[PDB]
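Asks: need a 3D model of the sequence below.
(7 chains, ligands or ions: 5)
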Amino acid sequence: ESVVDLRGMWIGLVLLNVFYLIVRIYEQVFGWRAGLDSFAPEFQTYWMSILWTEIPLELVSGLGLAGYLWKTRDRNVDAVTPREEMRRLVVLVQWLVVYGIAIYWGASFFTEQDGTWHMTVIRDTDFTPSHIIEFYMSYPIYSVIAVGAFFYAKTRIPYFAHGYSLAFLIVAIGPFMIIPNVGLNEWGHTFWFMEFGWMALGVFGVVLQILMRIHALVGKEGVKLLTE
Amino acid sequence: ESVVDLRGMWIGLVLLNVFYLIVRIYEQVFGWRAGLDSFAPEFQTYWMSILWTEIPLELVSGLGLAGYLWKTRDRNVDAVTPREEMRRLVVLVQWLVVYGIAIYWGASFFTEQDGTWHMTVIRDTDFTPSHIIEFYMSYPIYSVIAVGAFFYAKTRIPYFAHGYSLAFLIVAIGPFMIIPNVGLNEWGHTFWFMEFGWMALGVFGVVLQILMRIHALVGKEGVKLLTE
Amino acid sequence: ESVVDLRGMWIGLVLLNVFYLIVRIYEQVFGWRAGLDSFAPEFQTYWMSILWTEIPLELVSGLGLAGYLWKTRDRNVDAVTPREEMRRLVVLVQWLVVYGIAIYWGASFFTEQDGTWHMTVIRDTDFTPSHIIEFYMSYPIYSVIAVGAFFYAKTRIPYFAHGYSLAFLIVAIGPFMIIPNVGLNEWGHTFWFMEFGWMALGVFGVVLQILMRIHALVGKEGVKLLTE
Amino acid sequence: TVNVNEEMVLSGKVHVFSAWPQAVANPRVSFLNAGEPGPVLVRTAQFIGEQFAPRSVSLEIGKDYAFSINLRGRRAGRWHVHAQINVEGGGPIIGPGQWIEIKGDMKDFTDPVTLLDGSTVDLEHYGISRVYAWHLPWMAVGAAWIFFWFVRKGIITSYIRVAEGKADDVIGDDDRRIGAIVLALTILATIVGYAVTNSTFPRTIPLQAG
Amino acid sequence: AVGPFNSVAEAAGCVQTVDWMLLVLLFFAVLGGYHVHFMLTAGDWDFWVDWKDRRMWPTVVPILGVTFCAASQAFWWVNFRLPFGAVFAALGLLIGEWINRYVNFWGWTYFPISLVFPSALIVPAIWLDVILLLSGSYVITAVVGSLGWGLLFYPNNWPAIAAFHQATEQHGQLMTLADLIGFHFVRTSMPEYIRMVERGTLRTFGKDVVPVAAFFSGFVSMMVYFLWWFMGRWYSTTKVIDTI
Amino acid sequence: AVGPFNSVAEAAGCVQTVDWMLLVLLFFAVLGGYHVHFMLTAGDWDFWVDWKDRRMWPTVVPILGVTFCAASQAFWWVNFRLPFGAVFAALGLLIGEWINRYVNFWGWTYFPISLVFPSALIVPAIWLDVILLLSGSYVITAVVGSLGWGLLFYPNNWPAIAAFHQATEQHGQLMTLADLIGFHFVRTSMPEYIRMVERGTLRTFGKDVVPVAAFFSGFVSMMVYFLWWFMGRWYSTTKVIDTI
Amino acid sequence: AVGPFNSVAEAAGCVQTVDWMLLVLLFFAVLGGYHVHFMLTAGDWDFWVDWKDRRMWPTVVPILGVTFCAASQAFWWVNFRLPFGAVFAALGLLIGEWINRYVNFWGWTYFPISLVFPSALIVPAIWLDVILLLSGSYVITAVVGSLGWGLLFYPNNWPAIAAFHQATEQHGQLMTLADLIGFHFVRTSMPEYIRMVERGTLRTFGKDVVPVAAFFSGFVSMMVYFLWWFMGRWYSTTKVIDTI
Ligand SMILES: C[As](C)(=O)[O-]
Ligand SMILES: [Zn+2]
Ligand SMILES: [Zn+2]
Ligand SMILES: [Zn+2]
Ligand SMILES: [Zn+2]
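Replies: Residues are numbered from 1 along each chain as shown, chains lettered A, B, ... in the order given. Ligands and ions are numbered 1, 2, ... in the order given. Pasting the structure now:
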């Protein structure tokens, strides 16, 4: 048919940068004067609403994508043909470029956005307009694509099925060990008196593992010969 | 004859819970009024006596059990029969059940007992009535059974002979590394200005190693068949 | 010819203990009154001169020795005869006795010398008379012999060629990780508010690796028989 | 200008400024000193805020204090000697310094000082003997212990013994018996060395500080 | 033609499109990770013009900053021999900062860029990559690479920063422009006294406040680098495991 | 035909001269390393007679001092079965100190030896070696070896030190000779208050200030030993590696 | 019947009596070790009703308490697939506490149980065990397991504790019964001020003091769990070695 598809990839990116862009604007508009005092009721309509929605929604979203992929897993994986595997990989590489973007928004944009909002309020609880997005939105999402990628690979590629790449295992799991970091880092002084770094570039190993599988599914012919 | 003996085990448990129960009582009685001020002479008769006795007694008790077990070691261990190994192991499991109780007394009872005595005095020196028992009694004992167990295995079981299970070695040697902890924990503030945890569940390994030997000394017959 | 040469060794020792002995005296004489105030111009003639000279000299000294030994490397090392190897080793053991002395001067004498000078001035900058010698003299030198030793072995002994003993690699590189220590140890308080030990007895391994080679280049004959 | 042993004195007054910078700790805890290249002059005694000041002292912020330092001369030369005060969490504050000139020979420098028991001692010399007398023996002893075994089983030899099966060719009593003996002697020599220096000087008090 | 591709155009064609995907997914990736780590520890000096001092900032930022660069290096250069490791990470950071600085620090809350602009990294990042490009060794890189990285930090920041280090007289007291910028544009949680900047010691001699700072910052970065190189390695692990 | 030596005299001859070289290069070696380490952490108490107190000094010096001895042991006794490990190290130090104490502390700056004399180590060092010589086990050594080493520190220093723990009356205040010696011979950066010495607590009962200090110092040294033994092992590594 | 047993009744009979001895020698074992560790670090909160606050205690106890449970789990479940690891350790502690609380804190010194009763652990311990029982994964256990464990701690302590959190008026001041119990039954070494309990901050918003505390306590326990799982592994080592 063809190996490279990309149709899938674009739907993710397009659907994402949009949702975040809506959000950045929604927070531009209701951040300023609707989310400045939590004891007001327009906070409940414009922020405390989003919170109460996303969490349950994300939580289901995640277990959704999980069950589906497992359910639609290729029960006879080892049989997979050299073209179909190569195709599958290219979809895997796709999941990772969406994971990529999800990582950007969650972990850079909405994370260092929080920094500036700490210079703007005095905080009515730990639920700011910035936290609703950073913690209970942009992170959960990015974590869910993470799990998606993990599960897709596991149920489509013979290598990631019968295994667990420790690399991918890390990538899929350390998002649940950022809250211990980025979160509690904030309750520094309050949680203090009673008293280097563990990170997720596990993607290195994961793309390296992918790379090895490509180098495999091209004969001596394509390999040496076509690309000297 | 028979594998399971147990006669030996009871001797220890009985001889032990008794010696601790005597002491608890004798400390009940002479703790309260006789060991409340160290500068008194009824302290010398009722506590500072016990100390001066037990250490040299313990120190000899230890090198005793040691030398004896080595001496009476089975010089031709490798030859040992399947039944006589099996029996020997059950003796080892025995030593470990006494090591068990020694651990209880020395490390929980007479250890957290010290906690409440700190709420009762202001300490004339480091030799309280509670320290005489905790440090220079309940520990050394629990440490000397530990050694016993270790040397018994070593001089009766081929596996522990020509070896040193690291697990067992730990078990037998970390008791001389609790003083650094439980002890100096106390001279906290006094020894302070000039400025997770290393523990002894090494017994895990030791019982794991024992277990493998049993699993061996039962054929496929007893094994698979009798215990499915 | 003969294995043991020693002529080379003496040149180093003699050339060295002399150059340090000159200096100790020169610092005896110009330390006291010529290097007591940095803002004086007799400091520029007697200390700030030495500094400006040694560094570039040392830096070239080092890359010198390095290129030379590599250049004059035995291009067909594996072929080396059992006598020639044995001779070569003895030269290696030689380099290491000079490394030894270098270490002494740089790391004990001129290092703890600095201790006493800290009781004598109040410091006009970090460039004392003691620091010119300790840091930018006695260390660099000791570091350059170290590099020598390393490179000699690499280019003369098949073992050290096609390798990198990790032991020798350490020995040759950790001198560039003492500044982080011995240096910054000084800017303790000034560099402080914004906030066991990694050492170089790598020589252990290196002499052990040498030893194994000797034990090899003596047959069962010399070995067992001559030295029982 | 001074002779070796000639009892000069530097003195003055100082005001603890009021807007005491955040940069430097509270002078709650401080120490008076004389800023000189080594002990070119001994310090016989010194006083600040009308007290003997051989230890740490408090300065309150905004007061002034008076001080003086008795300086017996010791080293032949010309030394620019400052009044100096240091602060807990701060560092040295260096004051006025004047060229002082000593003449004579260091050879002749003495103190001395007077013990509670009565007697007199030259600090410039006292004790130095006993130190050597107890150190250098032990240093020889240690070096003897090494030489002994180095020439009794070689390095190469013993490495090769260890290397092949054995070992036990290297050690094994009476190598042990040597140990037990040398050990037992050592504990003895110490017991002795202690008991004697316990009779000599049976007075003694901990370092005085605070 | 080239199985399991139908043509060469299908091969060379796919390979090419995958290559982009990788480089891109791998761009952030690191940026994302690197940013969150950097921002949690180096802060803070990288937010505020009135934090960028002479001692602290030129110390902590090189030391914390070398981390993902070294780890990035141990990934590109080991596995592809591509000499853009440090620069790949450093720039990723710098974009991820800047975007946010503008769009949010400014465009959301309206602190003016002159207050909120990031520390410059790319010169040292280049220098690092070129020590590894020239000598093929990460051991050499770890020494003369990371030393270089430390020194260049302040020098490559000076062009941006000097501007605001100009003096102004303010009710008969001196300020720098930065001091003032910070003073003007009110931060609801940023009292001077929190700053973590040079305030002077009796132990400063010279006329050296920055040189020592940038040296110290290089020497330490040497160790950070080694550790972060090897973590760059464990992080690149193709190990597969049996149970969870 | 003694190959690759021509004679036995050439073999036994070379072996002998090499043996010396080793022992000597290996003497410093350790002395050099041991010293720099010891000096940076134990200081300091080992410079000044007015630091050698009753609590700190008899604590930190045994605990910091056991290190290279334990690593030195793991090298001689493991690989040559030679029972002078600790003593080889300990002494190496003592020399390197003393030389410098004399030549420099005195001969350069003219602090008098009574002020700048080092702590005594050789008794414990011997004690340690002989526990390893008698019981062949470093595990026993680590326990009864390092304990001993701890106790014997102060006892074996007392002979040198007592001398300066004599009382003198000074403007109606008590001092020890040491207190005074330090007071006399002016150190340009050594204010009492920096001292790091016993100054007394409400928690002292007895009449035990030194006993407890030397016990504590032995029980800790047990750990420092184990760690430094195995470091003496890694440090003994004959591993060879592929790339840098 | 089955060698080296004479009968089946001899086999099944022995097997059975050993099982008991193991389970028993293994009960304490852990209890003994767990207790000493727990009591040395979580003190102290677990002793005193007037230490059991809203922030510290519900934080440090989950965090220190997970340790031996995780290590216990790594032992039973890996090697026997027995789902009582956490519970097995938690209860051991609870007994070994309780006995001594009664028999000594009370029966030896007479502080009334209301002052000296321990923190409740079993509900969380159950929860852990079942997250491991259901999902066979110690990775998932390490996450949702140890999160649950943190949260439940206070909820499952509230039944016992509420009682003493009632208010009494005391010379025109407020106390809780607990505050008072502590005040009444004199501890010769326990001044309020040593407490290490909630005393208030300007950074508290809400009305949240315990929720945050118990979340924080869950989140941190996730890491403690991992580390302590693997330590449960090394501790289970069947490795045998050559020399000591
Ligand atoms: C230095 As070669 C290539 O002969 O191993
Ligand atoms: Zn399969
Ligand atoms: Zn106690
Ligand atoms: Zn070769
Ligand atoms: Zn210096």
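Asks: in chain A, what residue is nearest chain F?
Replies: When scored by CB to the nearest CB, chain A has residue A:208 as its residue closest to chain F, at 17.4 Å. All C-beta atoms are positioned from the backbone trio N, CA, C, and that covers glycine.
Asks: what helix or strand is that residue located in?
Replies: helix A:203-216 (DSSP states H and E).
Asks: just the strands in chain E please.
Replies: All strands of chain E, identified by DSSP state E, fall at E:167-169, E:174-176.
Asks: which helices and strands does the longest strand seen in chain D pack with?
Replies: Ranked by number of residues, the top strand in chain D under DSSP E is strand D:91-103. In this structure, strand D:91-103 packs against strand D:2-3, strand D:7-15, strand D:30-35, strand D:77-87, with contacts taken as 3 or more CB pairs under 8 Å, 6 or more residues apart in numbering or on different chains; DSSP states H and E.
Asks: pick the most deeply packed of the ones you listed.
Replies: Of all the helices and strands packed on strand D:91-103, strand D:30-35 has the most neighbours on average by mean count of other CB atoms under 10 Å in any protein chain shown, namely a mean of 23.
Asks: that one: what's the following helix or strand?
Replies: strand D:45-48.
Asks: wait, the residue of chain A closest to chain F sits on residue E:233?
Replies: No: Residue A:208 sits out of contact with residue E:233 when judged by CB atoms under 8 Å, with a separation of 11.1 Å.
Asks: centroid residue for the chain?
Replies: Reading this off chain A. Nearest to the geometric centre of chain A sits residue A:142, at 2.0 Å (CA atoms, centre = their mean).
Asks: let me rephrase: I mean chain E.
Replies: residue E:65 (4.4 Å).
Asks: residue C:228 versus the residue lying farthest from the centre of chain D, what's the distance?
Replies: Outermost residue of chain D with respect to the C-alpha centroid, by CA atoms, centre = their mean, is residue D:165; its distance is 51.3 Å. Using CB to CB, to the nearest Å, residue D:165 is found at 12 Å from residue C:228.
Asks: now residue E:103
Replies: With CB to CB as the criterion, residue E:103 and residue C:228 are 82 Å apart.
Asks: same drill for these two, tell me which one is more crowded.
Replies: residue E:103 (15 against 11; other CB atoms under 10 Å in any protein chain shown).
Asks: let me see the contact set for that one.
Replies: By CB atoms under 8 Å, 6 or more residues apart in numbering or on different chains, residue E:103 lies in contact with A:24, A:109.
Asks: also residue D:12?
Replies: So residue D:12 contacts D:66-68, D:83, D:95-96 (CB under 8 Å, 6+ apart).
Asks: spatially central residue for chain D, please.
Replies: Note: chain D centre (CA atoms, centre = their mean) maps to residue D:128, 11.2 Å.
Asks: what about residue 198, which SS state?
Replies: No chain specified, so I'll use chain A. Of the three states, residue A:198 takes coil under DSSP: H, G, I helix; E, B strand; the rest coil.
Asks: hang on, the earlier thing: which residues touch the longest strand of chain D?
Replies: C:122, C:189, D:1-4, D:6, D:8, D:10, D:12, D:14, D:24, D:33, D:35, D:40-41, D:73-87, E:201-203, F:188-189.
Asks: list the helices and strands the helix or strand following that strand packs on?
Replies: Sequence-wise, the next helix or strand downstream of strand D:91-103 (DSSP H and E) is strand D:113-114. Strand D:113-114 sits against strand D:120-121, strand F:167-169, with contacts defined as 3+ CB pairs under 8 Å, 6+ apart.
Asks: so residue A:194 is in which element?
Replies: Per DSSP H and E, there is no helix or strand for residue A:194.
Asks: report the contact partners of it.
Replies: Residue A:194 neighbours (CB under 8 Å, 6+ apart): G:55-56, G:59-60, G:196.
Asks: can you pull the residues of chain A lying near chain G?
Replies: Proximity of chain A to chain G is confined to A:123-126, A:169, A:173, A:176-177, A:179-180, A:183-184, A:187, A:189-191, A:193-194 under the rule CB under 8 Å from any CB of the partner chain.
Asks: quick check, residue D:181 in a helix?
Replies: Yes: per three-state DSSP, residue D:181 lies within a helix segment.
Asks: can you get me a residue count around it?
Replies: 12.
Asks: so which of the strands of chain E is the most surrounded?
Replies: In terms of average neighbour count - mean count of other CB under 10 Å - the standout among the strands of chain E is strand E:174-176, at a mean of 14.
Asks: do that strand and chain D come into contact?
Replies: No: with CB under 8 Å from any CB as the criterion, chain D is not reached by strand E:174-176; the gap is at least 15.2 Å.
Asks: who are the packing partners of that strand?
Replies: Against strand E:174-176 (3+ CB pairs under 8 Å, 6+ apart) you get strand E:167-169.
Asks: name the helices or strands packed onto the strand it packs on?
Replies: Counting by 3+ CB pairs under 8 Å, 6+ apart, strand E:167-169 packs on strand E:174-176.
Asks: quick one: the strand it packs on to chain centroid distance?
Replies: 28 Å (CA atoms, centre = their mean, to the nearest Å).
Asks: now a PyMOL select for only the buried ones of the residues of chain A next to chain G.
Replies: Buried residues among the residues of chain A next to chain G (16 or more other CB atoms under 10 Å in any protein chain shown), as a PyMOL selection:
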select buried, chain A and resi 123+124+126+169+173+176+177+179+180+183+190+191
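Asks: now, the residues of chain A next to chain G that are in helices?
Replies: A:169, A:173 (DSSP state H).
Asks: tell me which residue of chain A lies closest to ligand 4.
Replies: residue A:224 (27.1 Å; CB to the ion).
Asks: tell me how many other residues surround that residue.
Replies: The burial count for residue A:224: 10, using other CB under 10 Å.
Asks: now do the SS call for it.
Replies: Note that with three-state DSSP, the state of residue A:224 is helix.
Asks: how far away is it from residue A:218?
Replies: 10 Å.
Asks: apart from its chain neighbours, what residue comes closest to whichever residue of chain A sits closest to chain C?
Replies: Using CB to the nearest CB, the single residue of chain A nearest to chain C is residue A:196, 11.7 Å away. What sits nearest to residue A:196 in space, not counting adjacent residues and going by CB to CB, 6 or more residues apart in numbering or on different chains, is residue E:227, at 7.7 Å.
Asks: give me the number of residues near the one you found?
Replies: Considering only other CB under 10 Å, residue E:227 is surrounded by 15 other residues.
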